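First up is the structure itself, then whatever we jot down about it.
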Amino acid sequence: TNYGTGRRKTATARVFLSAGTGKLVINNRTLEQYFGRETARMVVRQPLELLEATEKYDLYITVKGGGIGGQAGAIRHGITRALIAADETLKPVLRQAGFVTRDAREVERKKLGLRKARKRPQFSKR
Amino acid sequence: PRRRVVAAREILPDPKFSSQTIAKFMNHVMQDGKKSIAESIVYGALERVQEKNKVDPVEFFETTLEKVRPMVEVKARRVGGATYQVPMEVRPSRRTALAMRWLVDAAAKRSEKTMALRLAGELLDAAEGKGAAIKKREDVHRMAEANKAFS
Amino acid sequence: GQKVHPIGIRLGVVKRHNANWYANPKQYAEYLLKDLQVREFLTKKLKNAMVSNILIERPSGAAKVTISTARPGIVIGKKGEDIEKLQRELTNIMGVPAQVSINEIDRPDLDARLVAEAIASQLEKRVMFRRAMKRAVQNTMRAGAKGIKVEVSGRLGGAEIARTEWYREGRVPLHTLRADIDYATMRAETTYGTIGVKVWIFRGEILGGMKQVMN
Amino acid sequence: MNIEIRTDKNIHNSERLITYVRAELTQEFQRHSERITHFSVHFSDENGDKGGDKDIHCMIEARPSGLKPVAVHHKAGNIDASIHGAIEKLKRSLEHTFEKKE
Amino acid sequence: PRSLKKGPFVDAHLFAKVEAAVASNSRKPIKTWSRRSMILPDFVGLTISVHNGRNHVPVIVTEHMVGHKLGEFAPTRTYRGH
Amino acid sequence: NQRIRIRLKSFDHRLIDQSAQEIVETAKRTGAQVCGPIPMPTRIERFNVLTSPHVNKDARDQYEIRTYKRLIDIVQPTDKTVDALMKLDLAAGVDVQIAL
Amino acid sequence: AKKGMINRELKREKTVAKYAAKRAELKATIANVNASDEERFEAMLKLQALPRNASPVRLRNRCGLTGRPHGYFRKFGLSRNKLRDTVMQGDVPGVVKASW
RNA sequence: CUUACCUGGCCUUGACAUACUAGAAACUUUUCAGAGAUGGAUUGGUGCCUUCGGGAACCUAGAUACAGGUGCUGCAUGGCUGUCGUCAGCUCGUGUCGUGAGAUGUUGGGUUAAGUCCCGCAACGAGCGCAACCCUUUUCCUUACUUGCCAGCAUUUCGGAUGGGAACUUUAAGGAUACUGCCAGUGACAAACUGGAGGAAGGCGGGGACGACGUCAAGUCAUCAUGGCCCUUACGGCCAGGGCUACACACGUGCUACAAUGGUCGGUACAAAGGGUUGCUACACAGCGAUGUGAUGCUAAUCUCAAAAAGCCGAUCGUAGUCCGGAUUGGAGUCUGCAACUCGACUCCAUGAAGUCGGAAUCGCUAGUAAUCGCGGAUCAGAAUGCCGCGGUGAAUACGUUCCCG
Ligand SMILES: [Mg+2]
Ligand SMILES: [Mg+2]
Ligand SMILES: [Mg+2]
Ligand SMILES: [Mg+2]
Ligand SMILES: [Mg+2]
Ligand SMILES: [Mg+2]
Ligand SMILES: [Mg+2]
Ligand SMILES: [Mg+2]
Ligand SMILES: [Mg+2]
Ligand SMILES: [Mg+2]
Ligand SMILES: [Mg+2]
Ligand SMILES: [Mg+2]
Ligand SMILES: [Mg+2]
Ligand SMILES: [Mg+2]
Ligand SMILES: [Mg+2]
Ligand SMILES: [Mg+2]
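First to last, the protein sequences are chains i, g, c, v, s, j and n. Be aware that the first sequence starts at 3, since it is given in the entry's author numbering, and climbs by one per residue. Be aware that the second sequence starts at 2, since it is given in the entry's author numbering, and climbs by one per residue. Be aware that the third sequence starts at 2, since it is given in the entry's author numbering, and climbs by one per residue. Be aware that the fourth sequence starts at 1, since it is given in the entry's author numbering, and climbs by one per residue. Be aware that the fifth sequence starts at 2, since it is given in the entry's author numbering, and climbs by one per residue. Be aware that the sixth sequence starts at 3, since it is given in the entry's author numbering, and climbs by one per residue. Be aware that the seventh sequence starts at 2, since it is given in the entry's author numbering, and climbs by one per residue.
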């Protein structure tokens with residue numbers, strides 16, 4: 003019913019939220035099936051345990067791009083924005099948590115004359 | 002640096018025990034960004050140590066950490082062309098960091114089959130009071146005690 | 002140290018390319034080589050007509066060369082016969098037929114290329130280099146440029162030791178990408194070798210970006 | 001200390017020159033020993049295929065254990081003269097640096 | 002190695018010289034520059050001089066050599082020791 | 003049922019946008035309905051060119067060329083619309099493909 | 002490059018153009034299954050007997066303006082030395098400096 | 001081949017330009033000699049314009065100026081490039097001061113990343129540098145509904161597949177936003193600096209281009225141009241083989257390992273950027289495999305390269321020179337190419353080297369960075385551990401400037 007968009011490290015998540023028993027689906031899959039790593043599940047779940055109203059909502063989630071951590075961050079951001087859209091009074095607590103902010107860190111490009119973005123070849127003085 | 006005051010980053014609490022201290026310890030254990038294997042190692046060690054005696058793993062870890070934390074260190078001061086190792090107090094963050102580094106290095110130099118087993122052995126040894134981290138704590142106390150004379 | 006090409010740094014900013022056509026990845030090389038050939042031909046043919054720019058365009062199965070000249074009379078021809086020969090040569094060079102157009106230059110002393118050729122002519126005829134430099138600078142500033150800069154390097158006066166000498170007046174903000182700077186280079190072949198001439202002319206700051214240029 | 005000597009096309013180099021340079025340089029700088037780990041000398045002729053009073057450039061660059069690498073140049077009319085000038089300048093420079101750092 | 006389906010490679014002129022030699026009975030060496038040809042089974046018992054860069058070296062072809070290329074018996078470098 | 007597909011390729015997005023705007027305006031004058039312009043992924047081609055004549059590997063110039071594509075459909079076209087599209091002139095730098 | 006080098010390149014291209022058709026026909030005969038084994042062998046012999054310069058593998062790309070055999074950059078057809086000059090004069094359409 | 005080097009066989013107005021004379025369309029089919037360059041035979045056509053009595057193309061033959069040079073000089077040069085060094089500086093006009101070289105301005109206080117800014121002052125004014133204008137990334141709005149997308153509907157051989165929709169993701173142009181804007185403090189009541197509210201983002205948000213006046217007779221006559229010297233039946237030109245890959249040794253930059261934070265086997269998830277018509281190829285068969293045959297869709301947000309790998313779940317290995325490591329060698333093959341001997345890439349069977357963590361010394365890096373994991377491209381018939389890009393997981397530590405350097 004209430005929609006949210008989340009973004010993190012090339013990953014984008016579309017989140018639909020509607021009052022329900024506590025269902026949670028990701029790409030026609032469950033949280034345990036999609037994320038085999040516990041940190042990702044914890045990150046996905048933080049926003050709704052933060053309000054102590056985890057099982058009073060139902061979520062329908064799609065995600066594309068990035069890796070497991072980026073997708074988890076995007077899903078959490080989408081859930082946070084969906085909550086803010088649903089209720090205005092949620093935004094101060096969610097921001098105090100820090101979920102309202104959108105992380106802008108991204109990979110830095112390789113550079114001419116350098117092995118990597120910052121790393122440069124060896125200059126021996128033996 | 003010569004300017005600015007860089008702020009500290011935030012380490013999220015671990016999944017199982019929700020401990021920032023345990024998360025920082027996992028970060029010390031981690032290599033090449035393999036944090037999942039880091040958590041596996043740390044949790045296996047914690048289960049192994051819990052098996053020996055029935056206590057809270059978090060409480061055991063923090064007690065052993067307090068056992069192993071340093072008190073006093075010297076920082077080399079170059080005046081008059083001499084070392085002049087001067088004892089000084091150290092901030093809690095440095096205390097915790099050196100304690101964790103000593104624990105992990107001692108575990109690495111132990112001689113069990115797996116990192117989890119040897120980390121658990123090191124935690125037990127530190128709890129008892131005889132270990133390589135305990136020896137480094139003793140040595141730093143000994144040296145800062147020999148050089149107490151200077152301010 | 003070294004410096005970026007004043008035109009090269011502003012292609013998509015305040016300037017436009019000297020060639021405007023589209024090609025598929027296969028015919029691109031042929032088009033570029035033939036454009037270079039036609040430019041080489043025109044430079045030799047119109048040496049004495051004070052030509053400033055050549056714009057090569059391929060609209061569709063045809064060609065369009067726009068020649069910017071201070072002396073349109075010579076290129077046009079007294080009775081217009083010269084333009085027919087020019088288009089014939091262009092159609093011979095390029096597979097599709099080419100049409101020529103002429104842009105008359107009414108303020109030649111604001112064009113960097115023309116100034117460089119003028120200085121190079123005197124330098125080849127053995128006039129004093131810092132006489133020609135000052136004459137060109139004064140003429141351009143009288144024309145109205147906000148600034149001009151001239152550089153001459155080589156064996157000036159026949160000296161065994163080569164050297165470089167320059168003179169600047171007004172404003173030449175090279176680091177400002179929104180500034181109209183015209184850059185030109187020319188060569189003078191004297192009995193004692195080559196002398197290089199560089200000219201910069203500044204025509205104020207362009208406003209509104211490439212949209213104002215109507216790209 | 002390991003010695004790595006190089007010349008240019010004009011100068012002309014040989015293993016005999018390598019042995020002689022290594023021997024002389026070690027003999028002169030034998031005192032420092034462990035203080036220094038690497039020498040590299042380089043030889044050039046500037047206006048190759050012509051002549052002059054100097055017309056040859058010698059360089060020696062040495063790495064002292066600890067402090068940063070230090071370099072010395074000399075110009076002379078002959079390879080032997082260039083080498084001797086560079087050796088003298090290196091000796092003076094190293095003496096000054098070691099006296100400074102004590 | 003050359004694919005079997007293509008078959009062995011031999012130069013036309015060398016092949017023709019070999020057939021002339023075998024059809025006749027003459028032991029005069031066959032001078033050639035084709036180091037890239039293969040020693041066919043019909044080459045046995047013939048003397049073939051192969052260019053090695055500055056001179057032609059003889060090779061008396063025996064049953065062992067079949068399958069090698071001609072150049073494998075005419076080394077091109079002169080090294081005697083350091 | 004006839005539908006006309008129009009594909010524009012250029013090296014200058016401003017020129018290609020001008021061309022597409024002119025095409026849609028021409029269609030509107032005739033009175034047909036048109037979908038677009040639809041942006042299509044831009045191609046980028048990047049090249050590394052050494053700037054020193056002899057030896058400096060780290061001193062280079064990095065150049066790029068971009069290909070911009072635009073898509074247009076015109077549906078329910080009339081005999082006057084098609085003739086207007088054919089009559090319309092073409093500017094350089096924008097290669098236009100018309101498919102029936 | 003030298004004019005002799007350029008002329009050698011040109012004659013090689015001319016020979017390849019001359020013999021392309023026969024070379025292709027012989028290769029097709031070689032790759033044809035329904036053809037007889039003796040015919041395939043004869044095709045192989047003729048292909049091996051063709052002149053060497055007919056083989057496209059013996060052609061080297063060259064700048065065209067200068068004939069340099071390195072840094073060719075197929076798309077433009079110019080070696081880096083002249084490509085940089087032509088680009089930064091503004092005579093190559095669509096090419097600009099890259100910053101991303 | 002590239003190729004500029006060497007052995008040998010060859011040509012001399014030259015492989016390429018202009019100028020003079022004469023005959024021939026240009027071209028075209030076959031063999032013969034030879035390593036080839038070359039030479040000697042042998043077929044078919046006789047074209048395009050003409051005040052047709054002569055001309056354009058493209059050859060042949062002779063003659064003379066000449067061509068030709070990757071031959072020397074970067075210390076005779078143009079053009080281009082490195083470095084001090086994105087260091088914050090470097091200079092002019094009018095005035096003044098001093099016999100003059102010269103000085104001021106550009107110095108003094110705070111301050112900034114900065115000759116950045118505010119106060120004073122025989123200085124008043126300017127230019128080149130700093131910053132800004134340019135590209136990219138983070139939030140949102142409008143236009144656009146394709147080939148790309150699927151929230152509400154329905155049909156489904158349950159595959160957005162279908163009828164459909166224009167919501168969302170995305171795609172790619174144009175706009176908005178962030179200015180110490182507001183609050184509480186500090187400082188001369190100046191610049192400016194701290195702590196806060198709001199916001200996706202708060203005090204240059206993070207990267208990229210952009211190289212001041214000048215320095216080192218710094219680098220490049222072998223990209224190219226060019227003054228001056230040199231060779232002219234050879235220092236020019238064509239060709240076949242060989243070499244640039246040699247091997248008592250010494251250095252620089254890398255890749256792979258020395259294992260259990262791991263190796264092997266089975267199952268199972270999640271990318272971004274590029275390439276494809278002389279090419280990428282779904283799918284079936286044959287093969288242990290590299291591959292081959294048939295065949296399909298693609299000039300591409302449509303078909304394809306394509307399998308992402310680290311990761312997660314299950315089993316074994318249980319500290320051994322090992323179920324670690326994969327150099328070297330012996331057999332058997334595939335492919336590209338006229339041709340893999342010198343001297344190619346890859347596949348299978350067998351073999352199983354040094355290595356068990358590396359002297360003195362010394363290098364890179366302050367955050368989506370280091371470390372680690374895989375993917376693409378230019379060059380290119382084939383031939384990357386190199387170079388240029390892309391994304392996945394993801395740290396440690398900064399008390400401080402005392403001693404180290406610039
Ligand atoms: Mg990376
Ligand atoms: Mg990027
Ligand atoms: Mg020099
Ligand atoms: Mg084999
Ligand atoms: Mg030449
Ligand atoms: Mg090739
Ligand atoms: Mg060769
Ligand atoms: Mg120089
Ligand atoms: Mg030199
Ligand atoms: Mg700037
Ligand atoms: Mg040279
Ligand atoms: Mg050869
Ligand atoms: Mg080599
Ligand atoms: Mg193994
Ligand atoms: Mg051993
Ligand atoms: Mg390749």
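Beta carbons are placed, not taken as given, at the ideal position from N, Cα and C, and that holds for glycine.
Identify which residue in the options has its Cα closest to the Cα of residue i.
i: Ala42(i); options: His79(i), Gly6(i), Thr7(i), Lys118(i); result: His79(i)
i: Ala18(n); options: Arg53(n), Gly78(n), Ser80(n); result: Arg53(n)
i: residue 150(v); options: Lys75(v), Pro64(v), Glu24(v), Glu46(v); result: Given a span of 1 to 102 for chain v in the structure shown, any question on residue 150(v) remains unanswerable.
i: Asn49(c); options: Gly13(c), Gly74(c), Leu175(c); result: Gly74(c)
i: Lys53(g); options: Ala147(g), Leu125(g), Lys137(g), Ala8(g); result: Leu125(g)
i: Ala55(i); options: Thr23(i), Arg83(i), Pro123(i); result: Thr23(i)
i: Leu208(c); options: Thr177(c), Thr186(c), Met95(c), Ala146(c); result: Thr177(c)
i: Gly197(c); options: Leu111(c), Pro60(c), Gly205(c), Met134(c); result: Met134(c)
i: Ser54(j); options: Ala50(n), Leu84(n), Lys23(n); result: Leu84(n)
i: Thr3(i); options: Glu57(i), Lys93(i), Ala84(i), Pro123(i); result: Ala84(i)
i: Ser19(g); options: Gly132(g), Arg92(g), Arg3(g), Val59(g); result: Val59(g)
i: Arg31(i); options: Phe18(i), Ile63(i), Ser20(i); result: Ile63(i)
i: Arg78(s); options: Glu64(s), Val67(s), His52(s), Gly68(s); result: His52(s)
So, does the CB of residue i fall closer than 9 Å to a CB anywhere in chain i?
i: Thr97(v); result: no
i: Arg48(j); result: no
i: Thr37(v); result: yes
i: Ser20(g); result: no
Quick check on residue i: does DSSP put it in helix, strand or coil?
i: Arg63(v); result: strand
i: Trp201(c); result: strand
i: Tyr36(i); result: helix
i: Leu52(j); result: strand
i: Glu190(c); result: strand
i: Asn49(c); result: helix
i: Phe39(v); result: strand
i: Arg10(g); result: coil
At the 9 Å Cβ level, is residue i part of the contact set with chain g, yes or no?
i: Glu34(i); result: no
i: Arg97(i); result: no
Using a Cβ-Cβ distance under 9 Å, would residue i count as near chain c?
i: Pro70(n); result: no
Closest Cβ-Cβ distance between residue i and chain n: below 9 Å?
i: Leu52(j); result: yes
Between residue i and chain j, is there a C-beta pair that is closer than 9 Å?
i: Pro7(c); result: no
Quick check: the region 68-78 of chain i against the region 5-15 of chain i, are there 3 or more CB pairs under 8 Å?
yes
Could you tell me whether the region 40-49 of chain g touches the region 15-29 of chain g, where touching means 3 or more Cβ pairs closer than 8 Å?
yes
List, from N- to C-terminal side, the alpha helix (DSSP H) runs of 4 residues or more that fit wholly inside the region 101-180 of chain c.
113-125, 130-144
Alpha helix (DSSP H) segments (min. 4 residues) lying fully within the region 18-51 of chain g
21-30
Kindly confirm or deny that the region 74-86 of chain n and the region 24-31 of chain c touch, where touching means at least three C-beta pairs closer than 8 Å.
yes
Report the residue ranges of all beta strand (DSSP E) runs contained in full by the region 60-101 of chain j; include only those spanning at least 3 residues, in chain order.
62-77, 96-101
Any alpha helix (DSSP H) of 4 or more consecutive residues that is wholly inside the region 94-149 of chain g:
116-129, 133-147
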